[PDB]
Every structure is written in C-alpha cells, then in structure tokens.
Amino acid sequence: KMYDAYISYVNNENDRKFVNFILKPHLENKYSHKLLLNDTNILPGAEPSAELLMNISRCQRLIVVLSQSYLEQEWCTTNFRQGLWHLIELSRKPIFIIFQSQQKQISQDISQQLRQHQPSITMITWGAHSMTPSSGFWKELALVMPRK
C-alpha cells in the first residue's frame, strides 16, 4: 500500500468542493493517482500529528490546499515557519496549492516564509486560467506527482 499523495485541506465548503469535485477526480481519472485526503489538522501545536506521520510514511507526496481559510488554523497563524520545517523534513518537497485571487489576503509573514523556502517546496498557483485542461497548473502538478 503506497499512495501517490496525501492531500491536506480545511473544512471549508469552497475548499472541500474544489478538492472533491476538481482536484481529486482530475488526478484520479486522468493521471490515475491513488490519493488519501483529510481535513484534519496535520500540525496540532505546530508538531506533526500521529495521522500525518502515518500518512507521510505511506504517501509519495504531500499536497496542501493553502487557502486563506487553511491559513486560519492555529499553527499557520502562530508558527507557520515551524510547521513548514516539519513538512519539509517529512515530505522532502511539500506541494502547496495557492489561489491567485487570495494572494493579497495572505499575511506578509506567510508570503515571506513561502518565498524564503522556495528551494525546499513546490508552490503551484491556481488562477482563473487554471481550470482549462491545457493550463500550466495541471502541467506542473503532473510534473511533480509520481510519473506513471
């Protein structure tokens, strides 16, 4: 049992529907990946949860749907850098989906930590132009997932 990615998101109706109606079926039906996913907190107290540790140990990638709603979780607001260090240590290059429409809403701290850690992470931006099958979003995400 080896999955291609664990997808971490938050219990937001927009985020839930984007994951379940767009991201997950595209990965599963086109690129035919095996995915685990959950809207649990992966870093209670900015330390890996037991569930994260299990899932990392059985998944080849970590995808985080890093919306403004996601970034309202406790570890994001008080120690995003430590959380990011844990994800880098556990998943080598964690993948962060970020929404271009929210880039102004993202705190300066978060944005600076993301840029700071660019060599250790993969940041893929989802914009208005990204849904179309030919978009750069789907190209980069196929490129960073396990090849089939």
# chains A, B, ... in the order shown; residues from 1 in each chain; ligands from 1
>>> select_by_dssp(residues="segment 9-43 of chain A", states="helix (DSSP H, G or I)", output="list in words")
residues 13, 14, 15, 16, 17, 18, 19, 20, 21, 22, 23, 24, 25, 26, 27, 28 and 29 of chain A
>>> residues_around(residues="segment 112-126 of chain A", least_positions_apart="6", cutoff="6 Å", atoms="only C-alpha atoms", output="ChimeraX atom specification")
/A:93-100
>>> select_by_dssp(residues="chain A", states="strand (DSSP E)", output="PyMOL selection string")
chain A and resi 5-8+35-38+62-65+95-99+122-126
>>> write_last_selection(atoms="N, CA and C atoms", output="mmCIF file, in the first residue's frame")
data_model
loop_
_atom_site.group_PDB
_atom_site.id
_atom_site.type_symbol
_atom_site.label_atom_id
_atom_site.label_comp_id
_atom_site.auth_asym_id
_atom_site.auth_seq_id
_atom_site.Cartn_x
_atom_site.Cartn_y
_atom_site.Cartn_z
ATOM 1 N N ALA A 5 -0.185 10.558 -3.174
ATOM 2 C CA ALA A 5 -0.158 11.799 -2.409
ATOM 3 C C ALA A 5 -1.189 11.737 -1.291
ATOM 4 N N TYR A 6 -0.864 12.418 -0.192
ATOM 5 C CA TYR A 6 -1.826 12.827 0.821
ATOM 6 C C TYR A 6 -2.204 14.279 0.548
ATOM 7 N N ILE A 7 -3.502 14.572 0.490
ATOM 8 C CA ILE A 7 -3.981 15.932 0.240
ATOM 9 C C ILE A 7 -4.548 16.499 1.534
ATOM 10 N N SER A 8 -3.985 17.608 2.002
ATOM 11 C CA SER A 8 -4.436 18.230 3.240
ATOM 12 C C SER A 8 -5.224 19.479 2.887
ATOM 13 N N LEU A 35 -4.897 8.500 -3.964
ATOM 14 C CA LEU A 35 -4.866 9.648 -3.074
ATOM 15 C C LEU A 35 -5.499 9.304 -1.741
ATOM 16 N N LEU A 36 -4.875 9.783 -0.677
ATOM 17 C CA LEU A 36 -5.529 9.925 0.613
ATOM 18 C C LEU A 36 -5.775 11.405 0.856
ATOM 19 N N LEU A 37 -6.786 11.699 1.656
ATOM 20 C CA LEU A 37 -7.046 13.109 1.888
ATOM 21 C C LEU A 37 -7.814 13.257 3.184
ATOM 22 N N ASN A 38 -7.643 14.414 3.821
ATOM 23 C CA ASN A 38 -8.413 14.673 5.028
ATOM 24 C C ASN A 38 -8.370 16.158 5.348
ATOM 25 N N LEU A 62 3.073 15.192 -0.511
ATOM 26 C CA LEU A 62 2.133 15.936 0.317
ATOM 27 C C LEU A 62 1.648 17.132 -0.488
ATOM 28 N N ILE A 63 0.335 17.234 -0.669
ATOM 29 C CA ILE A 63 -0.305 18.395 -1.278
ATOM 30 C C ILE A 63 -1.070 19.131 -0.194
ATOM 31 N N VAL A 64 -0.829 20.434 -0.058
ATOM 32 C CA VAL A 64 -1.580 21.260 0.879
ATOM 33 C C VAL A 64 -2.374 22.267 0.053
ATOM 34 N N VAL A 65 -3.681 22.331 0.293
ATOM 35 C CA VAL A 65 -4.547 23.321 -0.353
ATOM 36 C C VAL A 65 -4.496 24.542 0.551
ATOM 37 N N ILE A 95 4.090 20.159 -1.555
ATOM 38 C CA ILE A 95 3.424 20.890 -2.634
ATOM 39 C C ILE A 95 2.329 21.754 -2.034
ATOM 40 N N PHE A 96 2.353 23.052 -2.339
ATOM 41 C CA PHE A 96 1.348 23.981 -1.838
ATOM 42 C C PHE A 96 0.560 24.543 -3.012
ATOM 43 N N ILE A 97 -0.740 24.291 -3.027
ATOM 44 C CA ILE A 97 -1.629 24.962 -3.967
ATOM 45 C C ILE A 97 -2.083 26.265 -3.325
ATOM 46 N N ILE A 98 -1.883 27.380 -4.040
ATOM 47 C CA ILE A 98 -2.255 28.703 -3.552
ATOM 48 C C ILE A 98 -3.152 29.346 -4.606
ATOM 49 N N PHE A 99 -4.118 30.138 -4.155
ATOM 50 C CA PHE A 99 -5.121 30.696 -5.048
ATOM 51 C C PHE A 99 -4.743 32.130 -5.377
ATOM 52 N N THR A 122 7.330 23.171 -3.320
ATOM 53 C CA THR A 122 6.754 23.440 -4.634
ATOM 54 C C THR A 122 5.472 24.226 -4.445
ATOM 55 N N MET A 123 5.398 25.377 -5.083
ATOM 56 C CA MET A 123 4.259 26.277 -4.996
ATOM 57 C C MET A 123 3.628 26.312 -6.376
ATOM 58 N N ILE A 124 2.353 25.946 -6.471
ATOM 59 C CA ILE A 124 1.642 25.916 -7.743
ATOM 60 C C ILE A 124 0.439 26.839 -7.595
ATOM 61 N N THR A 125 0.349 27.854 -8.444
ATOM 62 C CA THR A 125 -0.700 28.859 -8.307
ATOM 63 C C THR A 125 -1.913 28.482 -9.151
ATOM 64 N N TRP A 126 -3.094 28.543 -8.540
ATOM 65 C CA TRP A 126 -4.357 28.292 -9.217
ATOM 66 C C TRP A 126 -5.036 29.631 -9.480
#
>>> residues_around(residues="residue 69 of chain A", least_positions_apart="2", cutoff="9 Å", atoms="only C-alpha atoms", output="list in words")
residues 10, 11, 12, 15, 66, 67, 71, 72 and 73 of chain A
>>> residues_around(residues="residue 2 of chain A", least_positions_apart="3", cutoff="12 Å", atoms="only C-alpha atoms", output="PDB file with C-alpha atoms, in the first residue's frame")
ATOM      1  CA  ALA A   5      -0.158  11.799  -2.409  1.00  0.00           C
ATOM      2  CA  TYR A   6      -1.826  12.827   0.821  1.00  0.00           C
ATOM      3  CA  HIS A  33      -3.173   8.573  -8.955  1.00  0.00           C
ATOM      4  CA  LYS A  34      -4.014   6.962  -5.620  1.00  0.00           C
ATOM      5  CA  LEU A  35      -4.866   9.648  -3.074  1.00  0.00           C
ATOM      6  CA  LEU A  36      -5.529   9.925   0.613  1.00  0.00           C
ATOM      7  CA  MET A  54       1.332   7.583   9.283  1.00  0.00           C
ATOM      8  CA  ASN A  55       0.154   9.194   6.037  1.00  0.00           C
ATOM      9  CA  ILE A  56       3.543  10.652   5.140  1.00  0.00           C
ATOM     10  CA  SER A  57       5.012   7.234   5.748  1.00  0.00           C
ATOM     11  CA  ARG A  58       2.609   5.705   3.196  1.00  0.00           C
ATOM     12  CA  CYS A  59       2.341   8.549   0.575  1.00  0.00           C
ATOM     13  CA  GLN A  60       4.881   9.700  -2.004  1.00  0.00           C
ATOM     14  CA  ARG A  61       3.877  13.400  -1.906  1.00  0.00           C
ATOM     15  CA  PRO A 146       4.869  10.383  -9.362  1.00  0.00           C
TER      16      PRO A 146
END
>>> residues_around(residues="residue 148 of chain A", least_positions_apart="3", cutoff="12 Å", atoms="only C-alpha atoms", output="VMD selection string")
chain A and resid 4 27 to 28 30 to 34 142 to 145
>>> write_last_selection(atoms="N, CA and C atoms", output="PDB file, in the first residue's frame")
ATOM      1  N   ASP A   4       0.016   7.874  -3.945  1.00  0.00           N
ATOM      2  CA  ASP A   4       0.783   8.878  -4.667  1.00  0.00           C
ATOM      3  C   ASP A   4       0.862  10.194  -3.909  1.00  0.00           C
ATOM      4  N   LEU A  27      -6.861  14.234 -10.770  1.00  0.00           N
ATOM      5  CA  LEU A  27      -5.687  13.401 -10.509  1.00  0.00           C
ATOM      6  C   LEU A  27      -6.011  11.917 -10.670  1.00  0.00           C
ATOM      7  N   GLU A  28      -7.216  11.504 -10.257  1.00  0.00           N
ATOM      8  CA  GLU A  28      -7.568  10.083 -10.235  1.00  0.00           C
ATOM      9  C   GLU A  28      -7.952   9.558 -11.608  1.00  0.00           C
ATOM     10  N   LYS A  30      -7.540  11.222 -14.805  1.00  0.00           N
ATOM     11  CA  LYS A  30      -6.606  11.470 -15.896  1.00  0.00           C
ATOM     12  C   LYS A  30      -5.237  10.867 -15.612  1.00  0.00           C
ATOM     13  N   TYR A  31      -4.573  11.338 -14.560  1.00  0.00           N
ATOM     14  CA  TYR A  31      -3.235  10.857 -14.259  1.00  0.00           C
ATOM     15  C   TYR A  31      -3.259   9.594 -13.408  1.00  0.00           C
ATOM     16  N   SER A  32      -4.443   9.144 -13.027  1.00  0.00           N
ATOM     17  CA  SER A  32      -4.695   7.858 -12.368  1.00  0.00           C
ATOM     18  C   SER A  32      -3.837   7.651 -11.114  1.00  0.00           C
ATOM     19  N   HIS A  33      -3.868   8.639 -10.227  1.00  0.00           N
ATOM     20  CA  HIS A  33      -3.173   8.573  -8.955  1.00  0.00           C
ATOM     21  C   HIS A  33      -4.043   7.934  -7.870  1.00  0.00           C
ATOM     22  N   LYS A  34      -3.371   7.419  -6.844  1.00  0.00           N
ATOM     23  CA  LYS A  34      -4.014   6.962  -5.620  1.00  0.00           C
ATOM     24  C   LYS A  34      -3.797   8.015  -4.544  1.00  0.00           C
ATOM     25  N   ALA A 142       1.159  17.514 -12.705  1.00  0.00           N
ATOM     26  CA  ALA A 142       1.589  16.249 -13.295  1.00  0.00           C
ATOM     27  C   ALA A 142       3.102  16.059 -13.184  1.00  0.00           C
ATOM     28  N   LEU A 143       3.870  17.136 -13.357  1.00  0.00           N
ATOM     29  CA  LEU A 143       5.324  17.005 -13.320  1.00  0.00           C
ATOM     30  C   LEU A 143       5.844  16.722 -11.916  1.00  0.00           C
ATOM     31  N   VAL A 144       5.146  17.184 -10.877  1.00  0.00           N
ATOM     32  CA  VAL A 144       5.657  16.988  -9.525  1.00  0.00           C
ATOM     33  C   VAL A 144       5.096  15.734  -8.866  1.00  0.00           C
ATOM     34  N   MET A 145       4.014  15.170  -9.400  1.00  0.00           N
ATOM     35  CA  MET A 145       3.481  13.900  -8.942  1.00  0.00           C
ATOM     36  C   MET A 145       4.357  12.743  -9.410  1.00  0.00           C
TER      37      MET A 145
END
>>> atom_distance(atom1="atom CA of residue 1 of chain A", atom2="atom CA of residue 29 of chain A")
19.2 Å
>>> closest_residue(among="A:39, A:68, A:22, A:83", to="residue 104 of chain A", atoms="only C-alpha atoms")
A:68
>>> atom_distance(atom1="atom CA of residue 46 of chain A", atom2="atom CA of residue 105 of chain A")
22.0 Å
